[PDB]
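Only one chain is included here, represented as structure tokens and corresponding to the form deposited in one PDB entry.
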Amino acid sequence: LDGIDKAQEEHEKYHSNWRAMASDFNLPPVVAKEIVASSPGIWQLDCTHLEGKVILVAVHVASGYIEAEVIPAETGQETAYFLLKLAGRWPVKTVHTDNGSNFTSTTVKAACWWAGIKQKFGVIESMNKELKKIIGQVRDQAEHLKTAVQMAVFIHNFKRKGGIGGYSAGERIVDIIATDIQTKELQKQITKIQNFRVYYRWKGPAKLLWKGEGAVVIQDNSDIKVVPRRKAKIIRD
């Protein structure tokens, strides 16, 4: 409540996003969003071949997290089934395919329509190369190919660590989805309050931002003012 001006100065000086502001100055995130205003569901789907069997790989673009299963036939049914599975395990909003015959079937289209996925026809190929490398590294430890494929998916998602932080793809996908959940929660709050108008001290209508226990933060004429709760009236428009 007091750090609002400090936050405004910091943002004018460094162009900092709402997270770093609501973290360093202890502000409710709707207020930091107002100041700063004053991918996660994207997967790539491609089929690869290896020892005469079809491996249907899905990569989470933001993290490099891999879901691959050996399928029986490069048909539309096996791909629609793989896609329902993926959409039930992770939040999937958009798949990037390559206009192959199976990816364009009416079956996959009905699957995407049921699971609310959007279809859009380079990381996938490098990931196929890494997957094939690990599969060749662990082929002598399984009889069948599907087993070695899952061993490789495991090694890639959890036993290979890279990037800046030194994390693995599972850690990365969990961090990314967590941040994404936060984004939807914040947007839901903003959408919940953005239909209220506040009259304070009476002055003109103000965009409401927060409704704490001891104050009511608002925004009037592109400027943020804190008022005590009893000094203002909140109505829904």
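Heads up: residue numbers just count along the shown sequence, starting at 1. So that the term is clear: the rigid core is the largest set of C-alpha atoms that superpose within 1.5 Å between two forms. Only residues modelled in both forms are compared.
According to the record, no deposited residue between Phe158 and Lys159 is left without atomic coordinates. Per the record, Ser38 and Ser39 are separated by a gap of 10 or more residues from the deposited sequence that were not modelled.
Absent from the display: the form deposited in another entry. The rest refers to it.
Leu209 is the only residue from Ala58, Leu209, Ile55, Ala169 whose Cα shifts by 2 Å or more between the shown form and the other one, the rigid core being superposed. A movement of the C-alpha atom of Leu186 reaching 2 angstroms or beyond is seen between the shown form and the other one when the two forms are aligned on their rigid core. Relative to the superposed core, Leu45 undergoes a C-alpha shift smaller than 2 Å between the shown form and the other one.
After superposition on the rigid core, the Cα of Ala68 moves by less than 2 Å between the shown form and the other one. 1-38, 183-201, 203-235 are the runs of three or more consecutive shared residues whose C-alphas all shift by 2 Å or more between the shown form and the other one after the rigid core is superposed.
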